[PDB]
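Engineer: PDB entry and its sequence, pasted below:
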Amino acid sequence: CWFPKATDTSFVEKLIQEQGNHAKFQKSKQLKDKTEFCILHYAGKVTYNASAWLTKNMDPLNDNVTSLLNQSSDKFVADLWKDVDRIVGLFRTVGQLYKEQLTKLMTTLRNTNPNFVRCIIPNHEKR
Amino acid sequence: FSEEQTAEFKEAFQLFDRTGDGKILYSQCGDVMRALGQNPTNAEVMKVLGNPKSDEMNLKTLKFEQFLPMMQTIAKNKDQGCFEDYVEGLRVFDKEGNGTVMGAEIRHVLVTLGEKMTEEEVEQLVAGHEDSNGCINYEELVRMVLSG
Amino acid sequence: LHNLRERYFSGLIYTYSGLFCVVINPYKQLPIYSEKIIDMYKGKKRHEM
């Protein structure tokens, strides 16, 4: 996600590079045009569309207007944005920003006593 | 102008003489029109004053009867500003679509373009609408002078 | 499966399975949530209800 000559596609291709033969990986329906991949979850197989992934994973945006608000007349919007120091105009990745806090959670749970309430869907007809 | 108001107009006009002859210096005309809820531009006032000259503008006087005929002439006009466009112009000084302009840039324009105001004039106006970063929100300032 | 099927059609969705417990969506507005029922279970052991 941090290299010019790279695209969602470029990504996927590399994706096939590493995993490729992963017991839990599988390649799409010859639609690398959309460039998609599959992974064998526990709930079953899924064909993900790697498209636009690098963009989202970066979360960029026009700091010009960003800061523009940072001092806007409207206080609510003021305090809302009051913290714009991380905006992108040119730090940490979404996937790891998340994946980092989700280890915080997975940590306390392992330090508490679990009580499982396994919900079960009866039908997909919403009947 | 219904006598009802015309009757009061006098109350306003009269409420404008430091000494007492019952005359409003050619200068005061403007503020008296304003006080009566009028927003005549600087030209709209001179036009109905025969375009005098600074000097004589502090000597010449006015009497309600000769003033009233002007109050109206102005009262009925062709246009007027409005949020719609009014702010549309200030939003051009909004450094970065923030929705706010620096109380210094606003303070400039207002005293360097068209009917140039005074350093104090603008001070008294914006004063108290600048935030921590001295940022004013035109949209509002607009409404302020307006709806006010 | 069976058990779950029956209880399900009978109107009961919550069922115990050892420690954890299953809970088939009803999708219907069953009437088993109310102050009344709250106090019924208040303090009540695992089996007393």
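Structural biologist: On my side now, so go ahead. Numbering: from 1, shown residues only, chains lettered A, B, ... in the order given.

Engineer: Assign residue A:26 to helix, strand or coil.
Structural biologist: strand (DSSP: H, G, I helix; E, B strand; the rest coil).

Engineer: and the gap between it and chain B?
Structural biologist: 46 Å (Cβ to the nearest Cβ, to the nearest Å). In short, each C-beta sits where N, CA and C put it, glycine included.

Engineer: Check residue A:39 too.
Structural biologist: Distance from residue A:39 to chain B, by Cβ to the nearest Cβ: 41 Å.

Engineer: Give the partner strands of the helix or strand that that residue is a member of in its sheet and their orientations.
Structural biologist: Using DSSP states H and E, residue A:39 falls within strand A:36-40. Strand pairing for strand A:36-40, determined by DSSP bridges: strand A:25-27 (antiparallel), strand A:45-49 (antiparallel).

Engineer: Show me which residues of chain C are close to chain A?
Structural biologist: Selection of chain C residues close to chain A by Cβ under 8 Å from any Cβ of the partner chain yields C:4, C:8, C:17, C:19-25, C:27.

Engineer: Residue A:80 sits in which helix or strand?
Structural biologist: Assigned by DSSP H and E, residue A:80 falls in helix A:75-81.

Engineer: Quickly check: the helix or strand following that helix near chain C or not.
Structural biologist: Using DSSP H and E, the next helix or strand after helix A:75-81 towards the C-terminus is helix A:94-109. No: Helix A:94-109 does not reach chain C (Cβ under 8 Å from any Cβ); its nearest approach is 14.8 Å.

Engineer: Name the strands paired with the following helix or strand past helix A:94-109 and say parallel or antiparallel.
Structural biologist: Toward the C-terminus, helix A:94-109 is succeeded by strand A:119-120 as the next helix or strand (DSSP H and E). Applying DSSP bridges to the sheet, strand A:119-120 is found paired with strand C:20-24 (parallel).

Engineer: Name the residues that touch the following helix or strand past the strand it pairs with?
Structural biologist: Remark: after strand C:20-24, the chain's next helix or strand is helix C:35-41, criterion DSSP H and E. For helix C:35-41, contacts defined as Cβ atoms under 8 Å, 6 or more residues apart in numbering or on different chains pick out residue C:49.

Engineer: list the contacts for the one residue in chain B that gets nearest to chain C?
Structural biologist: Here chain B gets closest to chain C at one residue, residue B:99, 46.4 Å apart by Cβ to the nearest Cβ. By Cβ under 8 Å, 6+ apart, the residues touching residue B:99 are A:68-69, A:72-74, A:77, B:137, B:139.

Engineer: neighbouring contacts of the longest helix along chain C?
Structural biologist: Taking DSSP state H as the criterion, chain C has its longest helix at helix C:2-10. For helix C:2-10, the external contacting residues (Cβ under 8 Å, 6+ apart) are A:120, A:122, C:13, C:15, C:22, C:24.

Engineer: Are any of those buried, and if so which?
Structural biologist: C:13, C:15, C:22, C:24 (16 or more other Cβ atoms under 10 Å in any protein chain shown).

Engineer: Please work out which residue of chain A is closest to chain B.
Structural biologist: Taking Cβ to the nearest Cβ, chain A has residue A:73 as its residue nearest chain B, at 1.8 Å.

Engineer: Tally up the residues packed near that residue, please.
Structural biologist: 23 (other Cβ atoms under 10 Å in any protein chain shown).

Engineer: residues contacting it?
Structural biologist: Contacts of residue A:73 (Cβ under 8 Å, 6+ apart): B:99-100, B:129, B:131, B:135-140.

Engineer: try 6 Å this time
Structural biologist: B:100, B:135-137 (Cβ atoms under 6 Å, 6 or more residues apart in numbering or on different chains).

Engineer: Name all residues that make contact with the residue nearest the centre of chain C.
Structural biologist: Most central in chain C under Cα atoms, centre = their mean is residue C:14, positioned 3.2 Å from the mean C-alpha point. Each residue near residue C:14 by Cβ under 6 Å, 6+ apart is listed here: residue C:23.

Engineer: in the sheet, who's paired with it?
Structural biologist: If you apply DSSP bridges, the partners that residue C:14 bridges to are residue C:23.

Engineer: Tell me how far residue B:4 lies from residue A:58.
Structural biologist: 68 Å (Cβ to Cβ, to the nearest Å).

Engineer: Tell me which of these two has more neighbours.
Structural biologist: Between residue B:4 and residue A:58, counted using other Cβ under 10 Å, the more crowded position is residue A:58 (14 against 8).

Engineer: tell me the SS of that one?
Structural biologist: coil.

Engineer: Include distance to residue B:13 when you put the residues of chain C next to chain A into a markdown table, please.
Structural biologist: Listed next are the residues of chain C next to chain A as a markdown table, based on distance: Cβ to Cβ, whole Å:
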| residue | distance to residue B:13 |
| --- | --- |
| C:4 | 91 |
| C:8 | 88 |
| C:17 | 92 |
| C:19 | 91 |
| C:20 | 88 |
| C:21 | 87 |
| C:22 | 88 |
| C:23 | 83 |
| C:24 | 85 |
| C:25 | 79 |
| C:27 | 78 |
